[PDB]
Amino acid sequence: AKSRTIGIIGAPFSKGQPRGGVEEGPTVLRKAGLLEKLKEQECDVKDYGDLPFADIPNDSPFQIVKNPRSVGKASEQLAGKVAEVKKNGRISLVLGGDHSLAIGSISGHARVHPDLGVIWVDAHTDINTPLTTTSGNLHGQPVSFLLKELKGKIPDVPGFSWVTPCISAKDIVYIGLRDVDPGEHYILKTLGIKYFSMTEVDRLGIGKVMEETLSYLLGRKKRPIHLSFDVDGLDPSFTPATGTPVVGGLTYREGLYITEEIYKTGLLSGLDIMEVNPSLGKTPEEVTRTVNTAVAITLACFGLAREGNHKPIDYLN
Amino acid sequence: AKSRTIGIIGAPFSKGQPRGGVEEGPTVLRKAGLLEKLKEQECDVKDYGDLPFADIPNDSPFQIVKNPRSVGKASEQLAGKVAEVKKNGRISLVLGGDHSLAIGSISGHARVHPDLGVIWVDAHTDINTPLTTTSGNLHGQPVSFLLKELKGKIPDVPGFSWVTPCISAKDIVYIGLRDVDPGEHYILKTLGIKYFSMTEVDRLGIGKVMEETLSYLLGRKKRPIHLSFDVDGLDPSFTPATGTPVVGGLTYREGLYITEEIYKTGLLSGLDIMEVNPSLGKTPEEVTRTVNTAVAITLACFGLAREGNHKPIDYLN
Amino acid sequence: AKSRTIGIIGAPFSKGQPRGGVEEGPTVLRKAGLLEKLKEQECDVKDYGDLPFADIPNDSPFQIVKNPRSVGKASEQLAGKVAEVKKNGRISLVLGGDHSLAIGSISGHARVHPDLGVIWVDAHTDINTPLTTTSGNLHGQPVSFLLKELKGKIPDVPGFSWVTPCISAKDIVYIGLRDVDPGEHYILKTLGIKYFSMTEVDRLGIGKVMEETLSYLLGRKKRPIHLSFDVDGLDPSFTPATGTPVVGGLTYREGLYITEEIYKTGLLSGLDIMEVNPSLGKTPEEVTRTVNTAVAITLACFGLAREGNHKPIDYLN
Ligand SMILES: [Mn+2]
Ligand SMILES: [Mn+2]
Ligand SMILES: [Mn+2]
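Sequence lines, in order, name chains B, C and A.
Each residue of the first sequence is one higher than the one before, starting from 3 at the first, in the authors' numbering.
Each residue of the second sequence is one higher than the one before, starting from 3 at the first, in the authors' numbering.
Each residue of the third sequence is one higher than the one before, starting from 3 at the first, in the authors' numbering.
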């Protein structure tokens, strides 16, 4: 179908984070059989292979932003690849990685479909600017490089000179926020970004949360959706092997429901599975659980419904 | 009362499953004190004792259906016993076992009350026909022998010659579906069976799910209810010692709420607690947790409310 | 602000319980940095220090009520201290302890604000009278000494001669009830106490539960709220190190939502964090989890929202 016509892009990149290890995100997400599982449902999966990220040996912090040139060039490469897989009419399934790659994954996707609406599922806002950041990491600042409303509040970071901010403030919906810094929250409330923090999810139920999300994005006009999932968005009992797990988050069922409701719109046009960190699993079972949850989320984005799926044939024969 | 007038039927039967072990379901559910706990609330529990299932030594598969004569005769015996305990005006609490016994547990119950409405709480549809099945087990095909709409799609399986399909397609409500085969889902969607998969539960909330279930069954006309519970319907964190646990299912609170809302209708007229498998608990604590959850579900079906219960006496004396 | 102007009162008291150990509740809740964490948000925390409870050496049971003089005098001392911290215009954050101290914590708070409305978050009703009790503990009977409707049903217990019942039956709302004795439930239903047992929470969603709670208390007239939290109210997976954990209770998110909705009314005027028992943690991780959950609940009562908090300054500078 026009949906579930996947183009998979590896992104074994971790330099946008503190001392990392998420670069073996694609390796585990694939060795857990993601392509082999996406082919049972009628998906035209094309593996564009793990991106070769050229090395930046001498790459010094900008002011506090750790290793900005590496992240900037990695995201430019990813954006080029994502534009390549979107010109083929596919769904750019960028499985990474860290959100420092979301800058590329959305900037490339917006080169083709300028009017995409982003659904950001993350425990964090990931909206620090290079000025208001505190840890000086770039996994925590991918949205600030994308919002049109933050132009002028984003310094000319080295390596991010190619970034033209693409999404408006009114084209992004946060789901699952439960760990927001004061600067992130000031930016979030000033720009009028629609967000469904954990409190709004508890108040409304995930069903009403997703109904409002889709009526807010796809209400005025049907547009592509770029679900930029982050596995720390789900509760740590389900995804323990992630960078910064925050307790009391979306359950497994709620994550699956988010993805199923996004799929059923049929407008999904890009997906990111970020922050799978198999090095932070206390036990190999924790890594297996995180990877299985990420795989289940990914599959549900592409038609695998919990009620069960059947091919359009007469099974009573 | 006319409700909570229980007639307990053991069903230590496991041959409807792959290599089994659920036959010690009644043993553990009783040794965990089910009768002794059902007598504190005003319940007229009568133990009809574990059914003696005669042995079928030479019992070969039909086409792929494993050991069909054993299951067919065991379910005929159970149906006879259930009709016996329903002619006494009781509530046939058939604690088993596996759903291969649901054929008997509902066919016998329908001999007395022809218009029962079945509420099937299972992670699975359990609706394969002997033709559309893949594992060739009978624990996965009890509904297909009961639906009137599948007559002609059910081969003359040996040992199930007594089965007259009793429930319509519009008298069964699935709750908790999260693992449905393509054939099961085709049957489910073609017959128009009302089902509340895990997605509908997440969308609506268990409160609205049970309200719609009871308004669908008991809306047109008050009828007996046959809650055919399956402990894999609850999340594996609560019932790990079951046959085929599927992650991301009904929580403990949701299962208790289902049973409490069924009880408060006062129309419960049959209950099955199936698929308790104390041999698949990794640790004895897992078996204890599964059995305690099954016991709590069973008790809540018979008046034990979470808000607390009091006898109709003046406690301030 | 007028809210989050905390006055912290220790209450290292455990004699209202069976063989205890909750007296090191304040010690752990503080050593886990409660004051140091309440000062980041704009809170004017004043530590009134752990109460010195004078010893009662010869203190014999009344009829079945264990050690009544100790509890009565401890609660009188606590009520005096709470009136002291409420005359300073603060929020009496009494972190204990056991609910045997709720008699003092609410009687003192009602000396100042006679019209407070109590929101009782506990798995238990804690409403036994010294006559209808079965264990003869006083941690299970603090509400019965407070309700005006139980005058005459409360014997002249030694040490509780100072207790004038202060709250009506229509000024208390239970949230999270899932373990109620027959006598407690008779009292609960006779007095017409508004309660949201676990069943009502499952039916309504915690959002609707808190909306009804606040529309019931603060609907007719704005009044102070005395959230008397009890960590056994949350599910044992989140607070295992408590006195009598009851499985299938409020989740972490639901507890945080209760506290956030109470705070956002801005009428919170007293808070109790009771029944933290670091001696019943099977492992030190269990104690750490219980204490972290209690601390998170406490913080959320005083402005720490999950969406994130920012000081009223321009963070984009
Ligand atoms: Mn994140
Ligand atoms: Mn099942
Ligand atoms: Mn309690």
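Just so it is clear, CB atoms sit at the ideal spot from N, CA and C, and this is done for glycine as well.
message = Can you tell me whether C:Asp-57 is helix, strand or coil according to DSSP?
response = coil
ask   = So, helix, strand or coil for A:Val-278, using DSSP?
value = strand
query = In chain order, what residues of the same chain have a beta carbon less than 6 Å from the beta carbon of B:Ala-243, not counting five sequence neighbours either side?
reply = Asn-279, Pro-280, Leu-282, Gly-283, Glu-288, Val-289, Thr-292
Beta-ladder partner(s) of B:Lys-196, from DSSP = Within the DSSP bridge table, the entry for B:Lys-196 names B:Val-175 as partners.
request  = Measure the CB-CB distance between B:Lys-155 and B:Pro-167 and report whether it falls below 7 Å.
outcome  = no
request  = Under 9 Å between beta-carbons, which chain A residues line up against B:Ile-169? List them in chain order, please.
outcome  = Listed along chain A is no residue with a C-beta nearer than 9 Å to that of B:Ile-169; the closest approach is about 18 Å.
key: Start-to-end residues for the alpha helix (DSSP H) that takes in A:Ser-77   = 70–89
query = With 7 Å set as the bound, which would you pick, yes or no: does the beta-carbon of B:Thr-136 sit closer than that to a beta-carbon of chain A?
reply = no
Cα-Cα separation, C:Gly-91 to C:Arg-6 = 11 Å
ask   = To which residues of the same chain is C:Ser-72 closer than 7 Å at the C-beta, ignoring the five residues directly before and after it?
value = Answer for C:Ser-72: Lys-17, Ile-58, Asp-61, listed in chain order.
key: Residues that DSSP places opposite C:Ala-13 in a beta bridge   = C:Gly-98
task = Answer yes or no: the CB of B:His-126 versus the heavy atoms of ligand 1, is any distance below 6 Å?
result = True, at least one ligand heavy atom lies under 6 Å from that Cβ.
request  = With C:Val-293 as the anchor, note down where its alpha helix (DSSP H) starts and where it stops.
outcome  = 286–303
message = Starting from C:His-228, trace the beta strand (DSSP E) in both directions and tell me its first and last residue.
response = 227–232
message = Using C-beta distances below 6 Å, list every residue in its chain close to B:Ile-208, excluding the 5 sequence neighbours before and after it, in chain order.
response = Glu-256, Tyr-259
Beta-carbon spacing of C:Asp-232, C:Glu-277 below 7 Å = yes
query = In three-state terms, what does DSSP make of C:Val-24?
reply = helix
ask   = Between B:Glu-287 and chain C, is there a C-beta pair that is closer than 7 Å?
value = no
ask   = Does the beta carbon of A:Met-200 sit closer than 7 Å to a beta carbon anywhere in chain C?
value = At a cut-off of 7 Å between C-beta atoms, A:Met-200 counts as an interface residue with respect to chain C.
inquiry  = Please determine whether the Cβ atom of C:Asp-232 lies at a distance below 6 Å from any heavy atom of ligand 2.
reply    = C:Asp-232 Cβ: within cutoff of ligand 2.
request  = Using the Cα positions of A:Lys-41 and A:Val-84, report the straight-line distance between them to the nearest angstrom.
outcome  = 21 Å
query = Hey, how far is the Cα of A:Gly-272 from the Cα of A:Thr-201?
reply = Near 27 Å, if we compare the C-alpha coordinates of A:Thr-201 and A:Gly-272.
key: Integer Cβ distance of C:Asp-237 from C:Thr-215, believed to fall under 8 Å   = C:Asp-237 to C:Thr-215, Cβ: 19 Å. No contact.
Pick from C:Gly-23, C:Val-87, C:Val-123, C:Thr-135 that is closest to C:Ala-112, judged by C-alpha positions = C:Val-87
query = Which residues, taken in chain order from the segment 240–262 of chain B, show a beta carbon closer than 7 Å to some beta carbon of chain C?
reply = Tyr-254, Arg-255, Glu-256, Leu-258, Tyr-259, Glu-262
ask   = Quick check: the segment 134–153 of chain B against the segment 188–201 of chain B, are there 3 or more CB pairs under 8 Å?
value = yes
task = Measuring only between beta-carbons, confirm whether B:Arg-180 sits less than 7 Å from chain C.
result = no
request  = Taking only the alpha-carbon atoms, compute the straight-line gap between C:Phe-147 and C:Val-165 and give it to the nearest angstrom.
outcome  = 7 Å
inquiry  = Classify A:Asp-124: buried if its beta carbon has 16 or more other beta carbons within 10 angstroms, exposed otherwise.
reply    = Under this definition A:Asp-124 is a buried residue.
task = Give the DSSP bridge partners of C:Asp-52, in chain order.
result = Beta-bridge pairing links C:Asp-52 to C:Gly-12.
request  = Hey, could you find the ends of the beta strand (DSSP E) C:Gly-119 is sitting in?
outcome  = Per DSSP, the unbroken beta strand (DSSP E) holding C:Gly-119 starts and ends at 119–123.
query = Start and end of the alpha helix (DSSP H) containing A:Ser-109?
reply = 104–114
ask   = Short check: CB of A:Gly-138 to CB of A:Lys-75, under 7 Å?
value = No, they are not a contact pair.
query = Got a sec: which bits of the segment 29–60 of chain C sit with their beta carbon under 7 Å from any beta carbon on chain A, in order along the chain?
reply = none
request  = Measure the alpha-carbon distance for C:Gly-12 versus C:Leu-53 and round it to whole angstroms.
outcome  = 6 Å
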